[PDB]
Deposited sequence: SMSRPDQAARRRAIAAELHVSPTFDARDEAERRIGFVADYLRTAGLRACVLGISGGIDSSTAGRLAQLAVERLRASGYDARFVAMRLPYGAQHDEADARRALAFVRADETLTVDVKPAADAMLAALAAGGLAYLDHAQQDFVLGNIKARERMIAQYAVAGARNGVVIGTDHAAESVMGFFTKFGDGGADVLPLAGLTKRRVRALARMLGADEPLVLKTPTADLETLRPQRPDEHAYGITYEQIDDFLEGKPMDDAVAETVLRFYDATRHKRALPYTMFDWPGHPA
């Protein structure tokens, strides 16, 4: 009788039991468009990492600002490459798909290393070096968010987030991927025309869980454990 939660989580996270990509694309392009218009905004901003989630969110946002400009409402989408130093063809590939109004590249390593260094000089100490790497990984992710806010604010714009339901379970201002599962993000991208680039918990298992797809009992119990354990 646990199946009660599963369905309770999907609804709370907004996962619909059916999915049509065309329908969703249209809906989400409009969300973004209405949002910027209603709020009197002129731009939106997203870091493009080469990952499918930001590729998808970003293409929706480009299409949104294009739909607005057709409206007579002016708006631009600013794509950001945000490397940690000289590490990159995946993001370029993503860029070639997103086709953003603008692309800025901002190196976050100097800020991230300067923060780590100041922490140390300040007497923040780690039992293990691995722990320092974990701390730095999070600094990097946050520095990447700062760069995006910096541009959104200077430009009277907002930051796009890549949040979705599969992500909430497993793992900005405007979230056009809300309610989606992982395979549904992938399918939305495919239909927009993209090419074709945990504790043992997988996205398939999470997607099944959230999707109502009849799946093994044990496994389900498993996914519910991990989620509650968070």
### Query
Where are the gaps relative to the deposited sequence?
1-5, 93-94, 179-187, 214-234, 268-285
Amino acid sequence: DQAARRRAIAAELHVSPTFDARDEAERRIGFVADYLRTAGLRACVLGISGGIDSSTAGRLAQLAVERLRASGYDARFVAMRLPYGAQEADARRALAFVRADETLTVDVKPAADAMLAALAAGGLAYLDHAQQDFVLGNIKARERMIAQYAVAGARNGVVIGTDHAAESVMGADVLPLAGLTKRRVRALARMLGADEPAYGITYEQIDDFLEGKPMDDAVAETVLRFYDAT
From here on, numbers count along this sequence of modelled residues.
### Task
Using only the Cα atoms and their B-factors as the entry lists them, report which of 131-139 and 88-96 averages higher.
88-96
### Message
Can you tell me whether 65-73 has a higher mean C-alpha B factor than 42-50 in this record, or the other way round?
### Response
65-73
### Chain thirds of CA B-factor: placement of residue 181
middle
### Chain-wide C-alpha B factor ranking for residue 197, given as lowest, middle or highest third
lowest
### Message
How does the C-alpha B factor of residue 55 compare with the rest of the chain: lowest, middle or highest third?
### Response
lowest
#### Entry: Where the record places residue 26 (Cα B-factor, split into thirds across the chain)
middle
### Message
Looking at the temperature factor on the CA atom of residue 167, which third of the chain's modelled residues does it land in?
### Response
highest
